Amino acid sequence: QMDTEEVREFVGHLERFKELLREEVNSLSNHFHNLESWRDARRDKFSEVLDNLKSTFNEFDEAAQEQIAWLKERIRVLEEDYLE
Amino acid sequence: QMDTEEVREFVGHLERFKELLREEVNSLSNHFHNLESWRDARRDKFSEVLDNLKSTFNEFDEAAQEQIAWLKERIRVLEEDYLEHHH
């Protein structure tokens, strides 16, 4: 008894969120790796912070994709049931 | 040793990223909490996943905030040292 249009828009949001953040963290990571003139203990510490963010992203990407997969199928089931 | 323009441009990117991350997670969370019709154990689980995502992003935000401040101040100090070396 979900409102499947309501849920469809959230699914789309979650997909775009994952896509955008992947591209933005990849861009930031590439820039950081290319940054030649910052080399000290604080740079090393920040490298770990960025590693942790990537790990966090991956964990969330997995959790989100599993919800997306389920929600898209549930929307189909419910809409089919509603029409039939 | 820093090329201050190279570092400044990284700082700018980090600042933009930090602010995008905050805005995007808030938008996602607010949308999720505005959903009226998804109510089940999967929703409950995802609510905690989202709360924890925000928590982790807040950790990153503070770490990024402090790195930005340190780098900006280091640039200032290095620029003033350069000027002093010519005094």
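In the PDB archive, X-ray crystallography is given as the structure determination method for this entry, at a resolution of 1.65 Å.

Engineer: Where do I start with the overall build of chain B in this structure?
Structural biologist: Summing up its helical and strand segments, chain B has two helices and zero strands in all. At 20 Å, chain B has a C-alpha radius of gyration far larger than the 12 Å of a compact globule built from 87 residues. When the backbone C-alpha atoms are referred to their principal axes, chain B occupies close to 70 × 15 × 15 Å. Burial analysis of chain B (87 residues in total) assigns 37% to the buried set. Nonlocal contacts in chain B, meaning residues at least 24 apart in sequence, comprise 76% of its contacts between residues at least 6 apart. Taken as a whole, chain B presents about 5500 Å² of accessible surface, with 44% of it coming from carbon and sulfur. Here chain B carries 12 positive and 22 negative side-chain charges, and the mean point of each set is 7 Å from the other.

Engineer: What is the right way to read the interface of chain A and chain B from this model?
Structural biologist: How big an interface is tends to be reported as the loss of accessible area on association of its parts. On the side of chain B, 37 residues touch chain A, which itself brings 37 residues to the contact. Here chain A and chain B share an interface that buries about 3500 Å² over both sides, 73% of which is from carbon and sulfur atoms. When the buried surface of chain A facing chain B is broken down by residue, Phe10(A), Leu28(A) and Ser37(A) rank first, second and third, together holding 17% of it. Here chain A and chain B share zero salt bridges between them. Counting across the chain A and chain B interface gives nine residue pairs in polar contact.

Engineer: Looking at this structure, how should I read the nonpolar core?
Structural biologist: A general trend in soluble globular proteins is that nonpolar side chains are found buried together. Counting residues in each nonpolar core, the largest one holds 47 residues, and the members touching the most others are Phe10(A), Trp38(A), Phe60(A), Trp38(B), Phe46(B), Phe57(B) and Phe60(B). Leave out the neighbours within four places in its chain, and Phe57(B) touches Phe17(A), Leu21(A), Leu53(A), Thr56(A), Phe57(A), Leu21(B) and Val25(B).

Engineer: Help me understand the pattern of salt bridges, please; the structure alone is not making it clear to me.
Structural biologist: Between side chains of opposite charge, a pair can form as their charged atoms come close. Taken as a whole, this structure holds 13 salt bridges over all chains when the rule is applied. In this structure, the salt-bridge partner of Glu15(A) is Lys72(A), at a minimum N-O distance of 2.7 Å. With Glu15(A) in helix α1 (residues 4–34) and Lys72(A) in helix α2 (residues 41–83), this residue pair connects regions lying 57 residues apart in the sequence. Note that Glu73(B) is salt-bridged to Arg76(B), the shortest N-O span being 2.9 Å. On the criterion of helical spacing, the pair formed by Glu73(B) and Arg76(B) is a turn pair, its members being three residues apart in helix α2 (residues 41–84). Residue class for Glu73(B) comes out partly exposed when judged on its relative accessible area of 40%. Given the relative accessible area of 46%, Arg76(B) is considered partly exposed.

Engineer: I would appreciate a short explanation of the packing of aromatic side chains in the present structure.
Structural biologist: If you walk through the whole model with that rule in mind, you get 14 aromatic pairs over all chains. Ring geometry for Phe10(A) versus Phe32(B): centroids 5.7 Å apart, planes at 50°, classification tilted. Highlighted residues: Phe10(A) in helix α1 and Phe32(B) in helix α1 (residues 4–34), drawn from two different chains. Note on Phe10(A): relative accessible area 0%, which makes it buried. Ring plane angle 45° and centroid distance 6.5 Å describe the contact between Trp38(A) and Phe10(B), whose orientation is recorded as tilted. Separated into two different chains, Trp38(A) in the loop between α1 and α2 and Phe10(B) in helix α1 make up a pair that spans both. Each member of the pair, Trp38(A) as well as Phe10(B), is classed as buried. An aromatic cluster is built from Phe10(A), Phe17(A), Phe60(A), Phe32(B), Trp38(B) and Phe46(B), whose rings are joined through pairwise contacts.

Engineer: Could you clarify how one ought to interpret a negative patch on the surface in this entry?
Structural biologist: Taken together, the side chains of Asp3(A), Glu5(A), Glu9(A) and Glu36(B) present a region of like negative charge at the surface. Secondary-structure assignment places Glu9(A) in helix α1.

Reading the values: rules and limits
- Residues numbered from 1 in each chain as written, not as in the entry; some residues may be left out.
- Chains lettered and ligands numbered in written order.
- Heavy atoms only, no water.
- Helix = DSSP H or I, 4+ residues; strand = E, 2+ residues; numbered from the N terminus.
- Rg over C-alpha atoms; globule rule 2.2 N^0.38 Å.
- Buried < 20%, exposed > 50% of the residue type's maximum accessible area, 1.4 Å probe, protein only.
- Contact = heavy atoms within 4.5 Å.
- Areas by Shrake-Rupley, 256 points an atom, 1.4 Å probe, with all protein chains shown as cover.
- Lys, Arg positive; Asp, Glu negative; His and termini not counted.
- Charge placed at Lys NZ, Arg CZ, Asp CG, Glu CD.
- Buried area = accessible area lost by both parts, 1.4 Å probe.
- Salt bridge = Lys/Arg side-chain N within 4 Å of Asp/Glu carboxyl O.
- Polar contact = N/O pair within 3.5 Å; in protein donor to acceptor, adjacent residues only side chain to side chain.
- Core = buried A, V, L, I, M, F, W, Y, C linked by side-chain atoms within 4.5 Å.
- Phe/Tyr/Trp six-rings, centres within 6.5 Å; stacked < 30°, edge-to-face > 60°.
- Patch = residues over 30% accessible without salt bridge, like charges linked within 9 Å, V, L, I, M, F, W, Y side chains within 5 Å.

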